[PDB]
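*Asks:* part one of the complex, left exactly where it sits:
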Amino acid sequence: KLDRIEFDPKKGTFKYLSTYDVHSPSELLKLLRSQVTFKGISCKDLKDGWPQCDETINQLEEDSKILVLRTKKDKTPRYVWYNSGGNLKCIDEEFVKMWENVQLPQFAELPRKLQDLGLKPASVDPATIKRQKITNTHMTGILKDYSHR
Amino acid sequence: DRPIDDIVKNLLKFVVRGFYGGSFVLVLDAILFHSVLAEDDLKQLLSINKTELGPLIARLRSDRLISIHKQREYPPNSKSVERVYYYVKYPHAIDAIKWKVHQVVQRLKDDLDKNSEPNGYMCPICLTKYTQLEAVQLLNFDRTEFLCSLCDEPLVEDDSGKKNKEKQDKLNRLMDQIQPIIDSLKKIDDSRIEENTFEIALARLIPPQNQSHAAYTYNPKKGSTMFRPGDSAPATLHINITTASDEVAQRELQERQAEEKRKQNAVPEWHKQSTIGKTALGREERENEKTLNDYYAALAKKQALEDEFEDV
């Protein structure tokens, strides 16, 4: 009667029914692509029924096929997502540091600077957004107001 | 979804994946897959702590890749709570990305120009930098060595003489790696994008959870003249098929309408005739057909929950 067990009438067996039937990277990729929301699939229950999962998950992480959220105490895969973008690593740290160092000017002043540098600014300063004795009464309740035609 | 929307989504994804860590990618990909996303829903989706989510949201808000919207929500059977929603304001994000890319490229170019200049000098003791011009006025009386002012010690030639090629290599690498952003920005400039708002983004919402506590609705207060910084942006067809009976009926109805029309325009009876002498006003073939059919058949054989609602 329990739902975690599958019955095989051909031989009459009781086999375990894993939560996510994944035993191959292709199956994992298709399962992650089939998700209708951005809720990651837990590695705790993915590992159950799969003799090895960390190896495959790392192989896909290096290939940038999926997104992996790893633990902090030690590198260990947790909830994973489908990588709808491109390569997970495409910029050097020497440039990431410069990007972090760059500080954006004031929001109201950004478009003016972008226009001064000759680059078309896709925004405007919010300060410029302009906000924007009735005689007969026996007929009372009868006359509809045909005010206009 | 519009192709320009797809292009801008790809640009945001590339920028986040290349210039930010992994948790940033997770958060922004969640907020791109969904529309405005509540704080609790985001936490449940990514299974990350509040303290961990803090830095990511803060950095993305500082870079203007994510916008914030706070509003008061009144549950029917719980105390009202101010819920925070996160979405992407495409014009602001694109402007920030463009400005940051330009600034990085300009910084590297200026560094190359500066490195192309002479080295300079340094003092080992006081760790003071002296330009060539400033050092030329501090040389000793013997015209043999440059002496420091505070320390009165020989100066040492500065470094960066050999990096002339290294900086050029760095620029060459950076342009190639940053190529996609430039093309995406070209397409974005070709197109025109409309600024996003909380209400507008709610139109594309994909519910995160079955029973999410946050009410993903925008109910602005009536007659609220309060303005906050950066909170504003720039029939039925019926067909009728006719039959022979309907045709005869239609002609009959048209005849009746014509009769009524002529009666309406006709003069009254009193006006028709002079009413002087009137008193003053005051208080069988079926068998024939059957035998026909039988005879022809013989011939052929011979030859062969209550609330307001509006009806619409």
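*Replies:* That came through fine. Numbers count the residues shown, from 1 in each chain, chains lettered A, B, ... in the order given.
*Asks:* now for residue B:153: which residues touch it?
*Replies:* For residue B:153, the residues meeting the contact criterion (CB atoms under 8 Å, 6 or more residues apart in numbering or on different chains) are B:123-125, B:147. Where C-beta positions appear, they are placed from N, C-alpha and C, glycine not excepted.
*Asks:* relative to its centroid, which residue of the chain is most remote?
*Replies:* You didn't pick a chain, so chain A it is. residue A:135 (69.2 Å; CA atoms, centre = their mean).
*Asks:* ah, I was thinking of chain B
*Replies:* Outermost in chain B, CA atoms, centre = their mean: residue B:277 at 87.9 Å.
*Asks:* secondary structure class for that residue?
*Replies:* Under DSSP: H, G, I helix; E, B strand; the rest coil, residue B:277 falls in the coil class.
*Asks:* next, it: phi, psi?
*Replies:* The phi and psi values for residue B:277, taken as degrees, to the nearest 10, are phi -80, psi 0.
*Asks:* so how far is chain A from it?
*Replies:* To chain A, residue B:277 is 41 Å away according to CB to the nearest CB, to the nearest Å.
*Asks:* sorry, back to before: list the residues that contact the residue farthest from the centre of chain A.
*Replies:* Neighbours of residue A:135 in contact, by CB under 8 Å, 6+ apart: none.
*Asks:* so, in contact with chain A or not, stretch B:199-210?
*Replies:* Yes. Interface with chain A: stretch B:199-210 contributes B:206, B:208 (CB under 8 Å from any CB of the partner chain).
*Asks:* distance between the ends of stretch B:115-124?
*Replies:* 21 Å (CA to CA, to the nearest Å).
*Asks:* quick check: which element contains residue B:199?
*Replies:* helix B:198-202 (DSSP states H and E).
*Asks:* now do the helices in the stretch 51-200 of chain B.
*Replies:* B:90-115, B:132-136, B:164-177, B:179-190, B:198-202 (DSSP state H, counting those that start in this stretch).
*Asks:* slot chain C in:
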Amino acid sequence: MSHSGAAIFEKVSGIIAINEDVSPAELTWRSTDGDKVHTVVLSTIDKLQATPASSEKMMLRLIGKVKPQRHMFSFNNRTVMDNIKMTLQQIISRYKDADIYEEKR
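*Replies:* Time to bring in chain C:
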């Protein structure tokens, strides 16, 4: 698109879609997790009620022709609600006209 959107059914958030490829056209609401699925044949719908635009509620009801069946859907965005409502009105009117023709003939 105008054939799908976010909606809430029986206090459960999900996605509502209009399937027209298979005749007769049917309206299907599926929960986010997929545990709950509801399908209604539009031929049974008698009238289409909608909340006024002057009310904070975004409800839309489909009453089935006869203890008549009643289906209630709650929306999140007024634009989405209107876009769904026009498309639903077209199909409901066409089916009612077809039923009228069949009864008349």
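*Asks:* how about the residue farthest from the centre of chain B, what does it touch?
*Replies:* So residue B:277 contacts nothing (CB under 8 Å, 6+ apart).
*Asks:* return the distance of the helix holding residue B:199 from the chain's centre.
*Replies:* A distance of 8 Å separates the centroid of the chain from that of helix B:198-202, by CA atoms, centre = their mean, to the nearest Å.
*Asks:* how about the stretch 51-200 of chain B: which residue is closest to chain C?
*Replies:* residue B:199 (7.3 Å; CB to the nearest CB).
*Asks:* does that residue touch residue C:77 like I think?
*Replies:* Yes. In this structure residue B:199 lies within contact range of residue C:77 using CB atoms under 8 Å: 7.3 Å.
*Asks:* residue B:205 contacts residue B:33, correct?
*Replies:* No. Taking CB under 8 Å as the definition, residue B:205 is not a contact partner of residue B:33, at 11.0 Å.
*Asks:* tell me who's in contact with residue C:7.
*Replies:* Residue C:7 touches C:13-16, C:29, C:73-76, counting by CB under 8 Å, 6+ apart.
*Asks:* now swap in residue B:180 and tell me
*Replies:* Here residue B:180 is in contact with A:86, B:11, B:14 (CB under 8 Å, 6+ apart).
*Asks:* again with residue B:240
*Replies:* Taking CB under 8 Å, 6+ apart, one finds nothing in contact with residue B:240.
*Asks:* for it, phi and psi?
*Replies:* phi -120, psi 130.
*Asks:* give the buried residues for stretch C:68-78.
*Replies:* C:71-78 (16 or more other CB atoms under 10 Å in any protein chain shown).
*Asks:* show the end-to-end separation of that stretch, please.
*Replies:* Using CA to CA, the two ends of stretch C:68-78 sit 27 Å apart.
*Asks:* go ahead and add chain D:
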Amino acid sequence: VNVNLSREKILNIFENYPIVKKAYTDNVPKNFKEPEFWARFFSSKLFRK
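*Replies:* Chain D added:
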């Protein structure tokens, strides 16, 4: 808006536009009835074209 049709006009439409006949013969007995077919045709862009 009410539009009136007749058998003679239906035959004329079929004679003048073979495409309408092609889409009518293969769909009237299979998917939907003739009234629904005509309503969909009138609402469609094909009639406008």
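*Asks:* the contacts of residue B:240 again, this time with chain D added?
*Replies:* D:2-5.
*Asks:* compare the residues you listed and tell me which is most surrounded.
*Replies:* The residue in the contacts of residue B:240 with the most neighbours, by other CB atoms under 10 Å in any protein chain shown, is residue D:5 (15 neighbours).
*Asks:* which element is the residue at minimal distance from the centre of chain D on?
*Replies:* Centrality entry for chain D: nearest residue to the mean C-alpha point is residue D:38, 4.2 Å, by CA atoms, centre = their mean. Taking DSSP H and E as the definition, residue D:38 sits inside helix D:34-43.
*Asks:* touching, residue A:65 and residue A:33? I think so.
*Replies:* No. The criterion here is CB under 8 Å, and residue A:65 misses it with residue A:33 at 10.2 Å.
*Asks:* ok, the two, which is more surrounded?
*Replies:* Counted by other CB under 10 Å, residue A:65 and residue A:33 do not tie: residue A:65 has more neighbours, with 16 against 10.
*Asks:* what residues does residue A:83 make contact with?
*Replies:* Residue A:83 neighbours (CB under 8 Å, 6+ apart): A:64-67.
*Asks:* list phi and psi for it.
*Replies:* The phi/psi pair for residue A:83 (degrees, to the nearest 10) is phi -90, psi 90.
*Asks:* distance check, it against residue B:13.
*Replies:* 9 Å (CB to CB, to the nearest Å).
*Asks:* again with residue B:26
*Replies:* Taking CB to CB, one finds residue B:26 at 12 Å from residue B:13.
*Asks:* who's the closest spatial neighbour of residue D:2, skipping the chain neighbours?
*Replies:* Once flanking residues are discounted, residue D:2 sits nearest to residue B:238: 5.1 Å by CB to CB, 6 or more residues apart in numbering or on different chains.
*Asks:* OK, contacts around the one you found?
*Replies:* Counted by CB under 8 Å, 6+ apart, residue B:238 has contacts C:93, C:97, D:1-3, D:39.
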